[PDB]
Amino acid sequence: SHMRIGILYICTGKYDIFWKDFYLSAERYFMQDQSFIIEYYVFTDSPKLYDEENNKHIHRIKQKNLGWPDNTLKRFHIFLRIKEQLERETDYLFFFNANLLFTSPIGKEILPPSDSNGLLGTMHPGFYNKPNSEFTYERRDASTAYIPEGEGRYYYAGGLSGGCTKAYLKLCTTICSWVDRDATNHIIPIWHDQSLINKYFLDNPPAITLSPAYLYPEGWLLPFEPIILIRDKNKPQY
Ligand SMILES: O=c1ccn([C@@H]2O[C@H](COP(=O)(O)OP(=O)(O)O)[C@@H](O)[C@H]2O)c(=O)[nH]1
Ligand SMILES: CC(=O)N[C@@H]1[C@@H](O)[C@@H](O)[C@@H](CO)O[C@@H]1O
């Protein structure tokens with residue numbers, strides 16, 4: 001029985017060093033109720049992950065480094081490679097960036113209701129209480145991620161997205177079609193990683209919208225307490 005939770009994680013290249021503290025924080029804060037089984041789906045090129053030889057929930061998946069911009073553009077194309085084992089092993093899906101870190105215990109409060117659409121979005125830390133006129137949406141009608149001015153509620157970031165497995169997999173398949181449709185039209189959506197997810201969140205507003213506290217950049221001073229910290233990529237330790 002219990003509730004199955006799946007974590008989508010990509011750390012190809014030099015971002016594999018972010019897995020250690022992320023895993024140690026997820027095992028201490030993220031879903032530690034007795035009704036939660038947590039599964040790690042790590043997409044990397046590293047031959048072995050941290051605590052992989054001890055933990056069985058850590059699924060090392062073959063994935064080379066695609067570089068820019070395919071590492072953020074073809075992100076959802078990677079998730080569909082194992083979409084056959086995702087719905088059978090998980091009930092909820094969650095995507096976190098590499099350099100993310102848990103600081104506060106996260107429970108069932110971020111779980112979308114059973115009646116709603118079952119989607120999850122996170123407000124961008126750079127756009128809090130800023131007007132719609134300052135949103136960096138895709139303003140080209142030729143692209144599939146096009147959002148006209150005046151429309152939209154929040155500016156969702158691509159650093160953190162989730163929801164139930166059934167609704168989240170449809171989200172991935174929808175965007176993948178939007179990427180390939182733009183590839184044929186010789187056009188690249190901007191910003192590809194977050195503009196595409198805002199177009200979907202406009203057509204399909206998420207059940208619950210997380211504050212930028214779950215995407216708090218390290219060093220900033222934002223009007224909320226940091227729950228999930230975006231670690232600085234340019235630190236001497238990294
Ligand atoms: O070589 C790379 C570059 C990026 N990422 C992933 O892409 C996400 C966003 O990275 P970002 O675009 O901020 O890095 P940049 O492309 O600016 O170097 C992160 O969660 C990384 O895990 C990756 O796996 N390998
Ligand atoms: C790198 C990051 O956190 N993402 C975005 C970046 O892509 C760009 O949209 C910028 C200005 O809108 O806001 C952030 O820095």
# chains A, B, ... in the order shown; residues from 1 in each chain; ligands from 1
call {"tool": "closest_atom_pairs", "arguments": {"of": "chain A", "to": "ligand 2", "cutoff": "7 Å", "atoms": "only C-alpha atoms and all ligand atoms", "output": "Markdown table"}}
result
| residue | atom | partner | partner_atom_place_in_ligand_line | distance |
| --- | --- | --- | --- | --- |
| A:126 | CA | ligand 2 | 13 (O) | 6.2 |
| A:136 | CA | ligand 2 | 12 (O) | 5.9 |
| A:191 | CA | ligand 2 | 7 (O) | 6.1 |
call {"tool": "write_last_selection", "arguments": {"atoms": "C-alpha atoms", "output": "PDB file, in the first residue's frame"}}
result
ATOM      1  CA  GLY A 126      12.575  37.133  -9.391  1.00  0.00           C
ATOM      2  CA  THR A 136       9.202  37.494 -19.527  1.00  0.00           C
ATOM      3  CA  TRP A 191      12.922  31.079 -22.081  1.00  0.00           C
TER       4      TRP A 191
END
call {"tool": "residues_around", "arguments": {"residues": "residue 30 in chain A", "least_positions_apart": "5", "cutoff": "12 Å", "atoms": "only C-alpha atoms", "output": "VMD selection string"}}
result
chain A and resid 5 to 7 22 to 25 36 to 40 94 96 101 to 111 214 227 to 228
call {"tool": "write_last_selection", "arguments": {"atoms": "N, CA and C atoms", "output": "short mmCIF file (atom, residue, chain, number, x, y, z; two decimals), in the first residue's frame"}}
result
data_model
loop_
_atom_site.label_atom_id
_atom_site.label_comp_id
_atom_site.auth_asym_id
_atom_site.auth_seq_id
_atom_site.Cartn_x
_atom_site.Cartn_y
_atom_site.Cartn_z
N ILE A 5 6.19 8.11 -4.03
CA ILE A 5 6.67 9.41 -4.48
C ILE A 5 7.91 9.26 -5.35
N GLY A 6 7.89 9.89 -6.53
CA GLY A 6 9.01 9.82 -7.45
C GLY A 6 9.66 11.17 -7.67
N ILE A 7 10.99 11.20 -7.55
CA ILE A 7 11.74 12.43 -7.74
C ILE A 7 12.54 12.40 -9.05
N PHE A 22 21.83 16.92 -1.78
CA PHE A 22 20.43 16.89 -2.17
C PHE A 22 19.76 15.62 -1.66
N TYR A 23 20.46 14.50 -1.80
CA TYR A 23 19.95 13.21 -1.34
C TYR A 23 19.88 13.15 0.18
N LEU A 24 20.90 13.69 0.84
CA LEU A 24 20.96 13.70 2.30
C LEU A 24 19.88 14.59 2.90
N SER A 25 19.49 15.62 2.16
CA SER A 25 18.46 16.55 2.62
C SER A 25 17.06 16.00 2.34
N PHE A 36 4.84 7.26 3.21
CA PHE A 36 5.55 7.72 2.01
C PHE A 36 6.74 6.84 1.65
N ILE A 37 6.72 6.32 0.43
CA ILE A 37 7.89 5.65 -0.15
C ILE A 37 8.49 6.56 -1.22
N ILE A 38 9.74 6.94 -1.02
CA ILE A 38 10.39 7.90 -1.91
C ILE A 38 11.30 7.20 -2.93
N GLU A 39 11.17 7.60 -4.19
CA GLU A 39 11.95 7.01 -5.26
C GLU A 39 12.77 8.07 -6.00
N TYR A 40 14.06 7.80 -6.17
CA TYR A 40 14.94 8.73 -6.86
C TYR A 40 15.22 8.28 -8.29
N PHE A 94 7.79 14.59 -8.99
CA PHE A 94 8.36 15.87 -8.62
C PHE A 94 9.73 16.08 -9.27
N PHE A 96 13.19 18.40 -9.35
CA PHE A 96 14.02 19.38 -8.66
C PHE A 96 15.31 19.62 -9.43
N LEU A 101 18.45 22.41 -2.39
CA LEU A 101 18.73 21.85 -1.07
C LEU A 101 17.57 22.08 -0.11
N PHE A 102 17.20 21.04 0.63
CA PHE A 102 16.11 21.13 1.60
C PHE A 102 16.62 21.66 2.94
N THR A 103 15.88 22.61 3.51
CA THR A 103 16.25 23.19 4.80
C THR A 103 15.14 22.98 5.83
N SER A 104 13.92 22.77 5.34
CA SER A 104 12.77 22.57 6.22
C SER A 104 12.00 21.32 5.82
N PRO A 105 11.48 20.58 6.82
CA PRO A 105 10.68 19.37 6.58
C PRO A 105 9.46 19.64 5.71
N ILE A 106 9.34 18.89 4.61
CA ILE A 106 8.21 19.04 3.70
C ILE A 106 7.32 17.80 3.75
N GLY A 107 6.04 18.00 4.04
CA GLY A 107 5.11 16.90 4.20
C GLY A 107 4.07 16.79 3.10
N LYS A 108 2.84 16.46 3.50
CA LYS A 108 1.76 16.22 2.55
C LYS A 108 1.04 17.50 2.13
N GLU A 109 1.55 18.64 2.58
CA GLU A 109 0.92 19.92 2.27
C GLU A 109 1.13 20.32 0.82
N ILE A 110 2.12 19.70 0.17
CA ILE A 110 2.41 19.99 -1.23
C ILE A 110 1.82 18.93 -2.15
N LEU A 111 0.94 18.10 -1.61
CA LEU A 111 0.27 17.07 -2.40
C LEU A 111 -1.06 17.57 -2.94
N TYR A 214 10.33 27.80 -2.10
CA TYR A 214 10.77 26.47 -2.51
C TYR A 214 11.74 26.57 -3.69
N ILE A 227 12.65 27.57 2.30
CA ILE A 227 12.36 26.17 2.54
C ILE A 227 13.28 25.30 1.70
N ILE A 228 13.39 25.64 0.42
CA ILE A 228 14.31 24.96 -0.48
C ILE A 228 15.29 25.98 -1.07
#
call {"tool": "residues_near_ligand", "arguments": {"ligand": "ligand 1", "cutoff": "12 Å", "atoms": "only C-alpha atoms and all ligand atoms", "output": "count of residues only"}}
result
56
call {"tool": "residues_around", "arguments": {"residues": "range 195-201 of chain A", "least_positions_apart": "5", "cutoff": "7 Å", "atoms": "only C-alpha atoms", "output": "list in words"}}
result
residues 137, 138, 145, 146, 147, 155, 156, 158, 175, 189, 190 and 206 of chain A
call {"tool": "atom_distance", "arguments": {"atom1": "CA of residue 57 in chain A", "atom2": "CA of residue 27 in chain A"}}
result
11.2 Å
call {"tool": "select_by_dssp", "arguments": {"residues": "range 7-218 of chain A", "states": "strand (DSSP E or B)", "output": "PyMOL selection string"}}
result
chain A and resi 7-10+30+36-44+58-62+92-96+100-102+106+119-123+138+146+156-164+208-210+216-217
call {"tool": "write_last_selection", "arguments": {"atoms": "N, CA and C atoms", "output": "CSV table (one decimal), in the first residue's frame"}}
result
chain,number,residue,atom,x,y,z
A,7,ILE,N,11.0,11.2,-7.5
A,7,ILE,CA,11.7,12.4,-7.7
A,7,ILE,C,12.5,12.4,-9.0
A,8,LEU,N,12.2,13.3,-10.0
A,8,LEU,CA,12.9,13.4,-11.2
A,8,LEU,C,14.2,14.3,-11.0
A,9,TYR,N,15.3,13.8,-11.3
A,9,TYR,CA,16.6,14.5,-11.0
A,9,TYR,C,17.6,14.3,-12.2
A,10,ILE,N,18.1,15.4,-12.7
A,10,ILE,CA,19.0,15.4,-13.8
A,10,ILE,C,20.3,16.1,-13.4
A,30,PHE,N,12.3,15.8,3.0
A,30,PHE,CA,11.3,15.5,2.0
A,30,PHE,C,10.5,14.2,2.2
A,36,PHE,N,4.8,7.3,3.2
A,36,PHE,CA,5.5,7.7,2.0
A,36,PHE,C,6.7,6.8,1.6
A,37,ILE,N,6.7,6.3,0.4
A,37,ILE,CA,7.9,5.7,-0.1
A,37,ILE,C,8.5,6.6,-1.2
A,38,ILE,N,9.7,6.9,-1.0
A,38,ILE,CA,10.4,7.9,-1.9
A,38,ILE,C,11.3,7.2,-2.9
A,39,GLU,N,11.2,7.6,-4.2
A,39,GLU,CA,12.0,7.0,-5.3
A,39,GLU,C,12.8,8.1,-6.0
A,40,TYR,N,14.1,7.8,-6.2
A,40,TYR,CA,14.9,8.7,-6.9
A,40,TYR,C,15.2,8.3,-8.3
A,41,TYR,N,14.8,9.1,-9.3
A,41,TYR,CA,15.1,8.8,-10.7
A,41,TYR,C,16.2,9.8,-11.2
A,42,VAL,N,17.5,9.4,-11.0
A,42,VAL,CA,18.6,10.3,-11.4
A,42,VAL,C,19.1,10.1,-12.8
A,43,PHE,N,19.0,11.1,-13.6
A,43,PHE,CA,19.5,11.1,-15.0
A,43,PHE,C,20.8,11.7,-15.1
A,44,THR,N,21.9,10.9,-15.2
A,44,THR,CA,23.2,11.3,-15.3
A,44,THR,C,24.2,10.4,-16.1
A,58,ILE,N,17.4,4.5,-5.3
A,58,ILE,CA,18.2,5.3,-6.2
A,58,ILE,C,18.3,4.6,-7.6
A,59,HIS,N,17.7,5.2,-8.6
A,59,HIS,CA,17.7,4.6,-9.9
A,59,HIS,C,18.6,5.3,-10.8
A,60,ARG,N,19.8,4.8,-11.0
A,60,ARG,CA,20.8,5.4,-11.9
A,60,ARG,C,20.4,5.1,-13.4
A,61,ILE,N,20.2,6.2,-14.1
A,61,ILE,CA,19.7,6.1,-15.5
A,61,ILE,C,20.7,6.7,-16.5
A,62,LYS,N,21.0,6.0,-17.5
A,62,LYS,CA,22.0,6.4,-18.5
A,62,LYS,C,21.5,7.7,-19.2
A,92,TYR,N,3.0,10.0,-7.4
A,92,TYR,CA,3.2,11.5,-7.5
A,92,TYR,C,4.6,11.7,-8.1
A,93,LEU,N,4.7,12.7,-9.0
A,93,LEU,CA,6.0,13.0,-9.6
A,93,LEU,C,6.5,14.4,-9.2
A,94,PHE,N,7.8,14.6,-9.0
A,94,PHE,CA,8.4,15.9,-8.6
A,94,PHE,C,9.7,16.1,-9.3
A,95,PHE,N,9.9,17.3,-9.9
A,95,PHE,CA,11.2,17.6,-10.5
A,95,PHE,C,11.9,18.7,-9.7
A,96,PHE,N,13.2,18.4,-9.3
A,96,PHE,CA,14.0,19.4,-8.7
A,96,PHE,C,15.3,19.6,-9.4
A,100,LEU,N,19.7,22.3,-5.8
A,100,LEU,CA,18.6,22.6,-4.8
A,100,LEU,C,19.0,21.9,-3.5
A,101,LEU,N,18.5,22.4,-2.4
A,101,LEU,CA,18.7,21.9,-1.1
A,101,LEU,C,17.6,22.1,-0.1
A,102,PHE,N,17.2,21.0,0.6
A,102,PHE,CA,16.1,21.1,1.6
A,102,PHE,C,16.6,21.7,2.9
A,106,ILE,N,9.3,18.9,4.6
A,106,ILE,CA,8.2,19.0,3.7
A,106,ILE,C,7.3,17.8,3.7
A,119,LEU,N,-1.9,19.3,-10.5
A,119,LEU,CA,-0.7,19.9,-11.0
A,119,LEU,C,-0.1,20.8,-10.0
A,120,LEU,N,1.3,21.0,-10.1
A,120,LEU,CA,2.0,21.8,-9.1
A,120,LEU,C,3.0,22.8,-9.8
A,121,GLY,N,2.9,24.0,-9.5
A,121,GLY,CA,3.8,25.0,-10.0
A,121,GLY,C,4.4,25.9,-8.9
A,122,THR,N,5.6,26.5,-9.3
A,122,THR,CA,6.3,27.3,-8.3
A,122,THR,C,6.5,28.7,-8.9
A,123,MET,N,6.2,29.8,-8.1
A,123,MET,CA,6.4,31.1,-8.5
A,123,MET,C,7.9,31.4,-8.6
A,138,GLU,N,6.8,34.3,-23.6
A,138,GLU,CA,7.1,34.2,-25.0
A,138,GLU,C,6.2,35.1,-25.8
A,146,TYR,N,3.5,30.8,-26.9
A,146,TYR,CA,3.1,32.2,-27.0
A,146,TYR,C,2.1,32.5,-26.0
A,156,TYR,N,5.5,31.2,-13.5
A,156,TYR,CA,6.0,29.9,-12.9
A,156,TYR,C,7.4,29.6,-13.4
A,157,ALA,N,8.3,29.1,-12.5
A,157,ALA,CA,9.6,28.7,-12.9
A,157,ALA,C,9.7,27.2,-13.2
A,158,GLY,N,10.7,26.8,-14.0
A,158,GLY,CA,10.9,25.5,-14.3
A,158,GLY,C,11.8,24.7,-13.4
A,159,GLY,N,12.3,25.4,-12.4
A,159,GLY,CA,13.2,24.7,-11.4
A,159,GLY,C,12.5,23.7,-10.5
A,160,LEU,N,11.2,23.9,-10.4
A,160,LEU,CA,10.4,22.9,-9.5
A,160,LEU,C,9.0,22.8,-10.1
A,161,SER,N,8.6,21.6,-10.5
A,161,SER,CA,7.3,21.3,-11.0
A,161,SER,C,6.9,19.8,-10.6
A,162,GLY,N,5.6,19.6,-10.4
A,162,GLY,CA,5.1,18.3,-10.0
A,162,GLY,C,3.7,18.1,-10.1
A,163,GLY,N,3.1,17.2,-9.2
A,163,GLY,CA,1.7,16.8,-9.3
A,163,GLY,C,1.6,15.3,-9.3
A,164,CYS,N,0.4,14.8,-9.5
A,164,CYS,CA,0.2,13.4,-9.6
A,164,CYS,C,0.8,12.8,-10.9
A,208,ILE,N,-2.2,23.6,-6.8
A,208,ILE,CA,-1.5,24.4,-5.8
A,208,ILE,C,-0.3,25.0,-6.4
A,209,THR,N,-0.1,26.3,-6.0
A,209,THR,CA,1.0,27.1,-6.5
A,209,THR,C,2.0,27.4,-5.3
A,210,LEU,N,3.2,26.9,-5.4
A,210,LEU,CA,4.2,27.1,-4.3
A,210,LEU,C,4.9,28.4,-4.4
A,216,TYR,N,14.2,29.4,-3.4
A,216,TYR,CA,14.9,30.6,-2.9
A,216,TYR,C,16.4,30.5,-3.2
A,217,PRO,N,16.9,31.5,-4.0
A,217,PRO,CA,18.3,31.5,-4.4
A,217,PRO,C,19.2,31.9,-3.2
call {"tool": "select_by_dssp", "arguments": {"residues": "range 15-211 of chain A", "states": "helix (DSSP H, G or I)", "output": "PyMOL selection string"}}
result
chain A and resi 15-26+70-73+75-89+108-110+132-134+165-184+192-203
call {"tool": "write_last_selection", "arguments": {"atoms": "C-alpha atoms", "output": "PDB file, in the first residue's frame"}}
result
ATOM      1  CA  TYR A  15      26.203  18.858 -11.888  1.00  0.00           C
ATOM      2  CA  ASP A  16      26.546  15.354 -10.441  1.00  0.00           C
ATOM      3  CA  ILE A  17      28.316  16.810  -7.399  1.00  0.00           C
ATOM      4  CA  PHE A  18      25.014  18.354  -6.304  1.00  0.00           C
ATOM      5  CA  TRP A  19      23.427  14.939  -5.740  1.00  0.00           C
ATOM      6  CA  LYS A  20      25.101  14.194  -2.397  1.00  0.00           C
ATOM      7  CA  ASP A  21      23.700  16.992  -0.226  1.00  0.00           C
ATOM      8  CA  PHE A  22      20.428  16.888  -2.169  1.00  0.00           C
ATOM      9  CA  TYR A  23      19.952  13.210  -1.338  1.00  0.00           C
ATOM     10  CA  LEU A  24      20.957  13.697   2.301  1.00  0.00           C
ATOM     11  CA  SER A  25      18.456  16.548   2.616  1.00  0.00           C
ATOM     12  CA  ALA A  26      15.645  14.672   0.871  1.00  0.00           C
ATOM     13  CA  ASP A  70      19.045  20.737 -25.019  1.00  0.00           C
ATOM     14  CA  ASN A  71      19.730  20.135 -21.319  1.00  0.00           C
ATOM     15  CA  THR A  72      16.766  22.352 -20.458  1.00  0.00           C
ATOM     16  CA  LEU A  73      14.872  22.189 -23.756  1.00  0.00           C
ATOM     17  CA  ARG A  75      14.232  17.946 -20.488  1.00  0.00           C
ATOM     18  CA  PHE A  76      10.795  16.348 -20.794  1.00  0.00           C
ATOM     19  CA  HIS A  77      11.966  14.116 -23.647  1.00  0.00           C
ATOM     20  CA  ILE A  78      14.196  12.341 -21.132  1.00  0.00           C
ATOM     21  CA  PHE A  79      11.309  11.690 -18.741  1.00  0.00           C
ATOM     22  CA  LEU A  80       9.337   9.865 -21.444  1.00  0.00           C
ATOM     23  CA  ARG A  81      12.119   7.309 -21.874  1.00  0.00           C
ATOM     24  CA  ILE A  82      10.979   5.720 -18.609  1.00  0.00           C
ATOM     25  CA  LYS A  83       7.316   6.753 -18.659  1.00  0.00           C
ATOM     26  CA  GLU A  84       6.425   3.051 -18.642  1.00  0.00           C
ATOM     27  CA  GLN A  85       7.970   2.441 -15.212  1.00  0.00           C
ATOM     28  CA  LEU A  86       6.940   5.790 -13.740  1.00  0.00           C
ATOM     29  CA  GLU A  87       3.186   5.205 -13.500  1.00  0.00           C
ATOM     30  CA  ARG A  88       3.644   1.736 -12.016  1.00  0.00           C
ATOM     31  CA  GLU A  89       6.199   2.685  -9.365  1.00  0.00           C
ATOM     32  CA  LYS A 108       1.757  16.217   2.548  1.00  0.00           C
ATOM     33  CA  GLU A 109       0.921  19.923   2.275  1.00  0.00           C
ATOM     34  CA  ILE A 110       2.414  19.988  -1.227  1.00  0.00           C
ATOM     35  CA  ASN A 132       1.934  41.227 -15.492  1.00  0.00           C
ATOM     36  CA  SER A 133       3.695  43.805 -17.668  1.00  0.00           C
ATOM     37  CA  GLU A 134       7.093  42.657 -16.385  1.00  0.00           C
ATOM     38  CA  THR A 165       1.868  10.974 -12.040  1.00  0.00           C
ATOM     39  CA  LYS A 166      -1.109  10.793 -14.411  1.00  0.00           C
ATOM     40  CA  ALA A 167      -1.407  14.555 -14.916  1.00  0.00           C
ATOM     41  CA  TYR A 168       2.333  15.246 -14.855  1.00  0.00           C
ATOM     42  CA  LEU A 169       3.065  12.706 -17.594  1.00  0.00           C
ATOM     43  CA  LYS A 170       0.492  14.380 -19.839  1.00  0.00           C
ATOM     44  CA  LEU A 171       2.259  17.664 -19.099  1.00  0.00           C
ATOM     45  CA  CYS A 172       5.563  16.226 -20.305  1.00  0.00           C
ATOM     46  CA  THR A 173       4.069  14.727 -23.474  1.00  0.00           C
ATOM     47  CA  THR A 174       2.327  18.011 -24.293  1.00  0.00           C
ATOM     48  CA  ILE A 175       5.489  20.109 -24.007  1.00  0.00           C
ATOM     49  CA  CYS A 176       7.506  17.552 -25.991  1.00  0.00           C
ATOM     50  CA  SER A 177       5.078  18.072 -28.867  1.00  0.00           C
ATOM     51  CA  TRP A 178       5.447  21.836 -28.442  1.00  0.00           C
ATOM     52  CA  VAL A 179       9.236  21.549 -28.662  1.00  0.00           C
ATOM     53  CA  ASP A 180       9.241  19.374 -31.787  1.00  0.00           C
ATOM     54  CA  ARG A 181       6.594  21.585 -33.395  1.00  0.00           C
ATOM     55  CA  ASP A 182       8.859  24.582 -32.832  1.00  0.00           C
ATOM     56  CA  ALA A 183      11.862  22.648 -34.136  1.00  0.00           C
ATOM     57  CA  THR A 184      10.061  22.077 -37.440  1.00  0.00           C
ATOM     58  CA  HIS A 192      12.574  27.437 -23.172  1.00  0.00           C
ATOM     59  CA  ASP A 193      12.804  25.939 -19.679  1.00  0.00           C
ATOM     60  CA  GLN A 194      10.223  28.219 -18.059  1.00  0.00           C
ATOM     61  CA  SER A 195       8.267  29.741 -20.952  1.00  0.00           C
ATOM     62  CA  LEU A 196       6.932  26.380 -22.130  1.00  0.00           C
ATOM     63  CA  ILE A 197       5.690  25.489 -18.649  1.00  0.00           C
ATOM     64  CA  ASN A 198       3.919  28.842 -18.308  1.00  0.00           C
ATOM     65  CA  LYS A 199       1.978  28.222 -21.515  1.00  0.00           C
ATOM     66  CA  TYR A 200       0.780  24.920 -20.069  1.00  0.00           C
ATOM     67  CA  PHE A 201       0.030  26.496 -16.688  1.00  0.00           C
ATOM     68  CA  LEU A 202      -2.086  29.087 -18.495  1.00  0.00           C
ATOM     69  CA  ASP A 203      -4.171  26.457 -20.271  1.00  0.00           C
TER      70      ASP A 203
END
call {"tool": "atom_distance", "arguments": {"atom1": "CA of residue 127 in chain A", "atom2": "CA of residue 188 in chain A"}}
result
23.0 Å
call {"tool": "atom_distance", "arguments": {"atom1": "CA of residue 32 in chain A", "atom2": "CA of residue 212 in chain A"}}
result
22.2 Å
call {"tool": "decode", "arguments": {"residues": "range 95-113 of chain A", "atoms": "N, CA and C atoms", "output": "PDB file, in the first residue's frame"}}
result
ATOM      1  N   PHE A  95       9.933  17.254  -9.851  1.00  0.00           N
ATOM      2  CA  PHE A  95      11.211  17.581 -10.470  1.00  0.00           C
ATOM      3  C   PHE A  95      11.937  18.673  -9.695  1.00  0.00           C
ATOM      4  N   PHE A  96      13.190  18.404  -9.347  1.00  0.00           N
ATOM      5  CA  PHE A  96      14.022  19.380  -8.658  1.00  0.00           C
ATOM      6  C   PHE A  96      15.311  19.619  -9.434  1.00  0.00           C
ATOM      7  N   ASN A  97      15.797  20.855  -9.396  1.00  0.00           N
ATOM      8  CA  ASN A  97      17.072  21.188 -10.011  1.00  0.00           C
ATOM      9  C   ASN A  97      18.213  20.516  -9.259  1.00  0.00           C
ATOM     10  N   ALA A  98      19.399  20.524  -9.853  1.00  0.00           N
ATOM     11  CA  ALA A  98      20.561  19.885  -9.242  1.00  0.00           C
ATOM     12  C   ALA A  98      20.997  20.585  -7.959  1.00  0.00           C
ATOM     13  N   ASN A  99      21.260  21.884  -8.060  1.00  0.00           N
ATOM     14  CA  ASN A  99      21.796  22.654  -6.943  1.00  0.00           C
ATOM     15  C   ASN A  99      20.737  23.095  -5.933  1.00  0.00           C
ATOM     16  N   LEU A 100      19.678  22.304  -5.797  1.00  0.00           N
ATOM     17  CA  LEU A 100      18.644  22.577  -4.806  1.00  0.00           C
ATOM     18  C   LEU A 100      18.961  21.870  -3.493  1.00  0.00           C
ATOM     19  N   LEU A 101      18.452  22.411  -2.391  1.00  0.00           N
ATOM     20  CA  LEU A 101      18.728  21.855  -1.071  1.00  0.00           C
ATOM     21  C   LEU A 101      17.566  22.083  -0.110  1.00  0.00           C
ATOM     22  N   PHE A 102      17.199  21.040   0.627  1.00  0.00           N
ATOM     23  CA  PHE A 102      16.114  21.132   1.598  1.00  0.00           C
ATOM     24  C   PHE A 102      16.618  21.657   2.938  1.00  0.00           C
ATOM     25  N   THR A 103      15.884  22.607   3.509  1.00  0.00           N
ATOM     26  CA  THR A 103      16.248  23.190   4.795  1.00  0.00           C
ATOM     27  C   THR A 103      15.144  22.976   5.827  1.00  0.00           C
ATOM     28  N   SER A 104      13.922  22.775   5.343  1.00  0.00           N
ATOM     29  CA  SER A 104      12.770  22.570   6.215  1.00  0.00           C
ATOM     30  C   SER A 104      11.996  21.315   5.822  1.00  0.00           C
ATOM     31  N   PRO A 105      11.479  20.580   6.820  1.00  0.00           N
ATOM     32  CA  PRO A 105      10.681  19.371   6.580  1.00  0.00           C
ATOM     33  C   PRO A 105       9.459  19.637   5.706  1.00  0.00           C
ATOM     34  N   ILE A 106       9.339  18.892   4.611  1.00  0.00           N
ATOM     35  CA  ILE A 106       8.209  19.036   3.700  1.00  0.00           C
ATOM     36  C   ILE A 106       7.319  17.797   3.750  1.00  0.00           C
ATOM     37  N   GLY A 107       6.038  18.003   4.040  1.00  0.00           N
ATOM     38  CA  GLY A 107       5.106  16.902   4.202  1.00  0.00           C
ATOM     39  C   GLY A 107       4.065  16.786   3.104  1.00  0.00           C
ATOM     40  N   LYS A 108       2.839  16.456   3.497  1.00  0.00           N
ATOM     41  CA  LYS A 108       1.757  16.217   2.548  1.00  0.00           C
ATOM     42  C   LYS A 108       1.040  17.501   2.134  1.00  0.00           C
ATOM     43  N   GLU A 109       1.550  18.643   2.582  1.00  0.00           N
ATOM     44  CA  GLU A 109       0.921  19.923   2.275  1.00  0.00           C
ATOM     45  C   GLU A 109       1.134  20.317   0.816  1.00  0.00           C
ATOM     46  N   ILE A 110       2.120  19.698   0.172  1.00  0.00           N
ATOM     47  CA  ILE A 110       2.414  19.988  -1.227  1.00  0.00           C
ATOM     48  C   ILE A 110       1.817  18.932  -2.152  1.00  0.00           C
ATOM     49  N   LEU A 111       0.939  18.098  -1.607  1.00  0.00           N
ATOM     50  CA  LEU A 111       0.272  17.071  -2.399  1.00  0.00           C
ATOM     51  C   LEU A 111      -1.064  17.568  -2.943  1.00  0.00           C
ATOM     52  N   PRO A 112      -1.184  17.632  -4.278  1.00  0.00           N
ATOM     53  CA  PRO A 112      -2.413  18.060  -4.955  1.00  0.00           C
ATOM     54  C   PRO A 112      -3.605  17.171  -4.608  1.00  0.00           C
ATOM     55  N   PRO A 113      -4.781  17.780  -4.394  1.00  0.00           N
ATOM     56  CA  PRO A 113      -6.018  17.068  -4.049  1.00  0.00           C
ATOM     57  C   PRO A 113      -6.402  16.012  -5.084  1.00  0.00           C
TER      58      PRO A 113
END
